[PDB]
Amino acid sequence: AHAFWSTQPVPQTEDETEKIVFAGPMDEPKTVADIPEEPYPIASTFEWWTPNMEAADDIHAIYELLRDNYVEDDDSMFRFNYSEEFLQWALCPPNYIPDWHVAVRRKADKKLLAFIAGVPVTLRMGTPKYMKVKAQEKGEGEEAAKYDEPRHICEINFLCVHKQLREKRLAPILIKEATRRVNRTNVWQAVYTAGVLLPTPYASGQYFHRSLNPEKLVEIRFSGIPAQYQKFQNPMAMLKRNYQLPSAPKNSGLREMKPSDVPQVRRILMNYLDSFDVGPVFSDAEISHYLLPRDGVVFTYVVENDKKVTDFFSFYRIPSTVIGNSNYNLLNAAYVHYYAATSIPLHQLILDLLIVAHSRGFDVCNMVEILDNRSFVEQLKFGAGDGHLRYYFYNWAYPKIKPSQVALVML
Ligand SMILES: CCCCCCCCCCCCCC(=O)SCCNC(=O)CCNC(=O)[C@H](O)C(C)(C)COP(=O)(O)OP(=O)(O)OC[C@H]1O[C@@H](n2cnc3c(N)ncnc32)[C@H](O)[C@@H]1OP(=O)(O)O
Ligand SMILES: CN(CCC#N)c1nc(N(C)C2CCNCC2)nc2ccsc12
Ligand SMILES: CN(CCC#N)c1nc(N(C)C2CCNCC2)nc2ccsc12
Ligand SMILES: [Mg+2]
């Protein structure tokens, strides 16, 4: 059933995943010295290429591959259009490894054919709370705690093969080469997400969407109008009214995050993330990189009253090409990022996220049901979509957890 995934150190079935009781590695211990020093073999008409993702022109070359060949829906209505600025932000965080950015080009004329990218992340990925309780009940606490320390691993994203090269077994070669380059730096686990079901997720959540510009969403067929709206004289007017928002934020003291806020935002974020079974650990440098505002890319606001930062939220921008429509070229989506609330309820904090995103010309707000995202769905008028995000580890046995026990946002 899976000619490639059956050869890899991942759980092979749900059932297998149902026997997993402690976090830990799948494969035998290996050293850097055991890992091939030469690149994985590839056909003579192709070559490996390491783009420099801080150099405008190489970022542009990767941006065009993804614009034309990255994820699209099944009806081919929308395709992601991650911006050049977003790609530099996502793939060059503090201490990134340039060698983990891996491309294939056609050797004759250098046509870009494929990409995959890894970045470092410091992840809490030890045995989850409900399984540590089982371990206590059995006298097995030492084995359950073995891998509690946060681990320096690889986050994989942006796997893409050109549409003309589909179904030729190029993605397995990309994945093996990326695994070799990560292993040559003495890293042995990765985390990744996909919409598709592969062997075997440790967590799965539905996507949720909150309409900000419902007339455009309906025009482009992102949205339909629920059937009940047909009992009105003016279904579209009633839909627009339903999703109307304030024109300015409601929380006293909301403002954009600035560099001086980094230590307090780090403290309140890390205290909050600690409560989830799987979640990242960020240094000051990483808080600065992932949360300070960046035009067109990431938007972050703190609540400061009386000179103290008590809450914050962030969102990022991923546009999509609207493939078929004649009225619109782009869908402008805002995605819920990290947040923390200590002074107000989360619904009250996230309402201001929707207000700011709407004021800035976003069409929809998207999120997965990770973190405490379920706690504001109904009041803030999010609805579940048809999509899911499934969370996977490479070379890590892990019990199944609920998506509300995941605190890692994946771009
Ligand atoms: C320690 C360090 C470890 C580092 C590595 C950790 C692992 C990272 C793993 C990657 C995490 C990526 C996270 C993201 O970026 S998820 C986003 C993935 N990108 C897209 O969806 C963009 C549009 N599609 C494409 O570009 C191609 O269809 C891709 C490249 C997806 C497959 O190309 P193609 O369609 O031309 O097929 P093939 O003949 O070459 O290969 C077929 C094999 O590929 C398996 N396949 C299909 N889709 C995925 C998928 N999303 N993740 C993993 N495997 C996938 C499939 O089951 C089959 O294996 P098996 O069923 O036969 O066994
Ligand atoms: C590239 N974009 C646009 C993302 C946004 N905003 C996609 N949008 C949707 N949708 C907008 C769904 C939302 C729920 N209803 C059906 C369309 N589904 C998929 C599935 C694979 S990619 C993709
Ligand atoms: C249904 N999927 C998963 C597709 C894949 N892989 C979606 N993914 C994202 N993303 C931005 C993903 C893209 C892949 N990396 C993680 C985020 N946005 C939306 C918006 C509506 S549906 C949807
Ligand atoms: Mg292929």
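Side-chain atoms are counted along with the backbone in the values below, which use heavy atoms only and exclude waters and symmetry mates. The first residue in the sequence is number 1, and the count goes up from there. All ligand and atom numbering here is 1-based and tracks the order in the structure.
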Chemist: Considering non-hydrogen atoms of the protein only, which is the closest contact for atom 44 (O) of ligand 1, and what is the distance?
Modeler: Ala171 CB, 4.3 Å

Chemist: Between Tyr202 and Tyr398 (judged by ring centroids, cut-off 6.0 Å), do the two rings come close enough to count as a pair?
Modeler: yes

Chemist: Ligand 1 and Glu167, any nitrogen or oxygen pair closer than 3.5 angstrom?
Modeler: yes

Chemist: Got an N/O contact under 3.5 Å between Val71 and ligand 1?
Modeler: no

Chemist: May I ask whether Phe158 places a heavy atom under 4.0 Å from ligand 3?
Modeler: no

Chemist: For ligand 3, which atoms sit closer than 4.0 Å to a heavy atom of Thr193?
Modeler: 16 (C)

Chemist: Out of all atoms in ligand 3, which are within 4.0 Å of some heavy atom of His388? Include the element for each.
Modeler: 1 (C), 3 (C)

Chemist: Any nitrogen or oxygen of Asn366 lying under 3.5 Å from a nitrogen or oxygen in ligand 3? Just yes or no.
Modeler: no

Chemist: Identify, for atom 16 (S) of ligand 1, the protein heavy atom at the shortest distance, and state residue, atom and that distance.
Modeler: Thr193 O, 3.4 Å

Chemist: Kindly state if atom 47 (C) of ligand 1 has a protein heavy atom within a strict 4.0 Å cut-off, that is, under 4.0 Å?
Modeler: no

Chemist: Please list the nearest protein heavy atom to atom 52 (N) of ligand 1 with its residue and the distance rounded to 0.1 Å.
Modeler: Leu198 CD1, 3.5 Å

Chemist: Near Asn157, which atoms of ligand 3 are under 4.0 Å from a heavy atom of that residue?
Modeler: 15 (N)

Chemist: Please report whether the ring centroid of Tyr192 lies less than 6.0 Å from that of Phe393.
Modeler: no

Chemist: Could you tell me whether some N/O pair between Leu159 and ligand 1 is separated by less than 3.5 angstrom?
Modeler: yes

Chemist: Students should be able to answer this: which protein heavy-atom is nearest to atom 42 (C) of ligand 1, and at what distance?
Modeler: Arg169 NH1, 3.6 Å

Chemist: Tell me: protein heavy atom nearest atom 4 (C) of ligand 1, and distance?
Modeler: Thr179 OG1, 3.7 Å

Chemist: Inspect the surroundings of CZ in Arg184 and state if more than 12 heavy atoms from other residues, nucleotides or ligands are less than 6.0 Å away.
Modeler: yes

Chemist: Which option, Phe208, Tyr335, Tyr82, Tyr192, owns the non-hydrogen atom nearest atom 19 (C) of ligand 3?
Modeler: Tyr335

Chemist: So which of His209, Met367, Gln206, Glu72 gets nearest to atom 21 (C) of ligand 3, if we judge by its closest heavy atom?
Modeler: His209

Chemist: In the protein, what heavy atom is nearest to atom 35 (O) of ligand 1, and what distance, to one decimal place, separates them?
Modeler: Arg166 CD, 3.9 Å

Chemist: Would you mind listing which atoms of ligand 1 come within a distance below 4.0 Å of any non-hydrogen atom of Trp188?
Modeler: 1 (C)

Chemist: If we only count N/O pairs under 3.5 Å, is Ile156 in contact with ligand 1?
Modeler: no

Chemist: Less than 3.5 Å between some nitrogen or oxygen of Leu411 and one of ligand 3, yes or no?
Modeler: yes

